$ cat data_12.txt   # compact mmCIF, C-alpha atoms
# COMPACT_ATOMS: atom_id res chain seq x y z
CA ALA I 1 0.00 0.00 0.00
CA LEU I 2 2.82 2.66 0.40
CA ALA I 3 5.69 3.33 -2.01
CA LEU I 4 8.88 1.52 -1.02
CA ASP I 5 10.92 4.71 -0.60
CA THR I 6 8.43 6.08 1.93
CA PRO I 7 10.43 6.81 5.10
CA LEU I 8 8.93 5.49 8.36
CA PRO I 9 10.20 6.47 11.83
CA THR I 10 11.38 3.76 14.23
CA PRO I 11 12.57 3.68 17.85
CA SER I 12 16.15 3.71 16.54
CA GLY I 13 15.60 6.34 13.85
CA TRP I 14 14.29 5.71 10.33
CA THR I 15 13.51 2.84 7.95
CA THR I 16 11.51 2.62 4.71
CA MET I 17 8.45 0.70 3.62
CA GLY I 18 10.87 -1.21 1.38
CA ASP I 19 13.12 -2.29 4.28
CA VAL I 20 10.87 -2.75 7.32
CA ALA I 21 10.45 -6.38 8.41
CA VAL I 22 7.98 -8.34 10.52
CA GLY I 23 9.25 -8.12 14.07
CA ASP I 24 10.67 -4.64 13.59
CA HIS I 25 9.10 -1.71 15.42
CA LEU I 26 7.52 1.42 13.96
CA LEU I 27 5.98 4.32 15.92
CA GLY I 28 2.33 4.23 16.95
CA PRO I 29 -0.16 7.09 17.18
CA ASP I 30 1.40 8.35 20.42
CA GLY I 31 4.97 8.04 19.13
CA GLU I 32 5.68 4.94 21.11
CA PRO I 33 7.11 1.76 19.52
CA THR I 34 4.55 -0.53 17.89
CA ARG I 35 5.42 -3.98 16.52
CA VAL I 36 5.04 -4.99 12.88
CA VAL I 37 3.22 -8.34 13.02
CA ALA I 38 2.43 -8.92 9.30
CA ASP I 39 3.22 -7.54 5.85
CA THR I 40 2.62 -7.87 2.13
CA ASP I 41 5.05 -8.70 -0.60
CA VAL I 42 6.18 -5.89 -2.82
CA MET I 43 3.15 -5.43 -5.11
CA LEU I 44 3.30 -4.18 -8.71
CA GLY I 45 0.81 -2.57 -11.08
CA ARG I 46 -1.42 -1.11 -8.39
CA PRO I 47 -3.00 2.31 -9.10
CA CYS I 48 -0.98 4.91 -7.24
CA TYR I 49 -1.58 8.38 -5.82
CA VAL I 50 0.44 11.23 -4.36
CA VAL I 51 -1.07 12.62 -1.17
CA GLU I 52 0.22 16.11 -0.33
CA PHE I 53 0.00 17.43 3.25
CA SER I 54 -0.01 20.87 4.85
CA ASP I 55 3.24 20.18 6.74
CA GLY I 56 5.08 20.22 3.43
CA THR I 57 5.41 16.46 3.05
CA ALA I 58 3.91 13.98 0.61
CA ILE I 59 3.34 10.23 0.56
CA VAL I 60 2.79 7.91 -2.42
CA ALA I 61 0.08 5.35 -1.63
CA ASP I 62 -2.03 2.92 -3.60
CA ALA I 63 -5.77 3.33 -4.14
CA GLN I 64 -6.80 1.06 -1.27
CA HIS I 65 -4.45 2.36 1.45
CA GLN I 66 -6.44 3.44 4.50
CA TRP I 67 -6.22 6.81 6.28
CA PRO I 68 -7.74 7.93 9.60
CA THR I 69 -9.75 11.10 8.90
CA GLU I 70 -12.18 13.23 10.90
CA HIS I 71 -14.87 11.39 8.90
CA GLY I 72 -13.52 7.95 9.82
CA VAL I 73 -11.31 5.65 7.80
CA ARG I 74 -11.01 6.61 4.12
CA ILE I 75 -9.08 4.88 1.36
CA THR I 76 -6.69 6.97 -0.75
CA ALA I 77 -9.10 6.88 -3.73
CA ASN I 78 -11.66 8.70 -1.52
CA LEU I 79 -9.43 11.29 0.12
CA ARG I 80 -10.21 14.87 -0.67
CA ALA I 81 -8.37 18.11 -0.10
CA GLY I 82 -9.44 19.67 3.19
CA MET I 83 -9.59 16.45 5.21
CA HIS I 84 -7.18 15.85 8.10
CA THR I 85 -5.36 12.72 9.27
CA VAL I 86 -6.13 12.35 12.98
CA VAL I 87 -5.44 9.90 15.81
CA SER I 88 -8.51 10.52 18.02
CA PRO I 101 -2.77 20.53 15.13
CA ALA I 102 -3.78 17.60 12.91
CA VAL I 103 -2.04 17.79 9.55
CA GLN I 104 -4.33 18.51 6.60
CA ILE I 105 -4.45 16.93 3.15
CA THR I 106 -3.78 19.67 0.62
CA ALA I 107 -3.91 17.63 -2.60
CA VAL I 108 -4.51 14.13 -3.99
CA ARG I 109 -3.73 13.03 -7.51
CA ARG I 110 -2.94 9.90 -9.51
CA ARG I 111 0.63 9.11 -10.44
CA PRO I 112 2.23 6.31 -12.47
CA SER I 113 2.29 2.96 -10.67
CA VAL I 114 5.30 2.15 -8.49
CA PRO I 115 6.00 -0.86 -6.25
CA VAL I 116 4.07 -0.65 -2.97
CA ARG I 117 3.87 -2.68 0.25
CA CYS I 118 1.74 -2.70 3.40
CA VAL I 119 2.40 -3.70 7.02
CA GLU I 120 0.20 -4.41 10.05
CA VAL I 121 1.03 -3.16 13.56
CA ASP I 122 -0.39 -4.26 16.91
CA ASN I 123 -1.51 -1.12 18.76
CA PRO I 124 -5.30 -0.97 19.28
CA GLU I 125 -5.76 1.93 16.85
CA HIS I 126 -3.78 0.04 14.16
CA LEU I 127 -1.96 3.25 13.22
CA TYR I 128 1.70 3.97 12.44
CA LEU I 129 3.55 7.15 11.52
CA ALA I 130 4.70 7.62 7.92
CA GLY I 131 6.72 10.10 5.89
CA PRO I 132 9.22 12.70 7.04
CA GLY I 133 6.29 14.47 8.72
CA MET I 134 5.33 11.40 10.82
CA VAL I 135 1.72 11.51 9.61
CA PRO I 136 -0.74 8.97 11.08
CA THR I 137 -1.82 6.25 8.70
CA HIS I 138 -3.79 3.02 9.01
CA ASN I 139 -2.42 -0.49 8.52
$ encode --input "data_12.txt" --output "structure tokens"
Amino acid sequence: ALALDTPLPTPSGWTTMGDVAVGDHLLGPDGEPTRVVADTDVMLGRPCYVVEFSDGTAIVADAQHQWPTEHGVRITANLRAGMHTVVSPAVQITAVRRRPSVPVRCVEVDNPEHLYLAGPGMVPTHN
């Protein structure tokens, strides 16, 4: 679900969606370590999007990647400018557009909100 070069913060620093492994730790919605308990393979040919945020960062995600908004969970294909990604100043989605397909990959974490931080802005996103 996220492009492989997406940076993801960890308790030791940074990894990428391309490098993170089951058993590694990401950061949960409160910044605390959260364990990666499952993943996908690298997936090809999926329809991809750029999501641009108000903190000046951007994440490439596939159509079906899930985001926690003020309106509940929304997939990338349903995001619209003006929404925010929240965990309960929430960063705001400034733009969403299609982009040519790149390899993507998803992971699952084990905190009860099923959220991890993504991108250089540490934006909340849903497993």
$ atom_distance --input "data_12.txt" --atom1 "CA of residue 22 (chain I)" --atom2 "CA of residue 40 (chain I)"
10.0 Å
$ closest_residue --input "data_12.txt" --among "I:120, I:55, I:24, I:125" --to "residue 39 (chain I)" --atoms "all atoms listed in the file"
I:120
$ closest_residue --input "data_12.txt" --among "I:5, I:70, I:32, I:41" --to "residue 118 (chain I)" --atoms "all atoms listed in the file"
I:41
$ residues_around --input "data_12.txt" --residues "residue 47 (chain I)" --least-positions-apart "4" --cutoff "9 Å" --atoms "all atoms listed in the file" --output "ChimeraX atom specification"
/I:61-64,110-114
$ closest_residue --input "data_12.txt" --among "I:85, I:57, I:139, I:78" --to "residue 26 (chain I)" --atoms "only C-alpha atoms"
I:139
$ closest_atom_pairs --input "data_12.txt" --of "region 103-137 of chain I" --to "region 9-12 of chain I" --cutoff "8 Å" --atoms "all atoms listed in the file" --output "CSV"
residue,atom,partner,partner_atom,distance
I:129,CA,I:9,CA,6.7
I:130,CA,I:9,CA,6.8
I:131,CA,I:9,CA,7.8
I:132,CA,I:9,CA,7.9
I:134,CA,I:9,CA,7.0
$ closest_residue --input "data_12.txt" --among "I:75, I:83, I:102, I:20" --to "residue 37 (chain I)" --atoms "only C-alpha atoms"
I:20
$ atom_distance --input "data_12.txt" --atom1 "CA of residue 106 (chain I)" --atom2 "CA of residue 127 (chain I)"
20.8 Å
$ atom_distance --input "data_12.txt" --atom1 "CA of residue 108 (chain I)" --atom2 "CA of residue 2 (chain I)"
14.3 Å
$ axis_aligned_box --input "data_12.txt" --around "region 112-116 of chain I" --padding-each-side "8 Å" --output "AutoDock Vina command-line options"
--center_x 4.1 --center_y 2.7 --center_z -7.7 --size_x 19.8 --size_y 23.2 --size_z 25.5
$ closest_residue --input "data_12.txt" --among "I:117, I:80, I:46, I:65" --to "residue 3 (chain I)" --atoms "only C-alpha atoms"
I:117
$ closest_residue --input "data_12.txt" --among "I:73, I:66, I:58, I:13" --to "residue 33 (chain I)" --atoms "only C-alpha atoms"
I:13
$ residues_around --input "data_12.txt" --residues "residue 124 (chain I)" --least-positions-apart "2" --cutoff "10 Å" --atoms "only C-alpha atoms" --output "PyMOL selection string"
chain I and resi 28-29+34+121-122+126-127
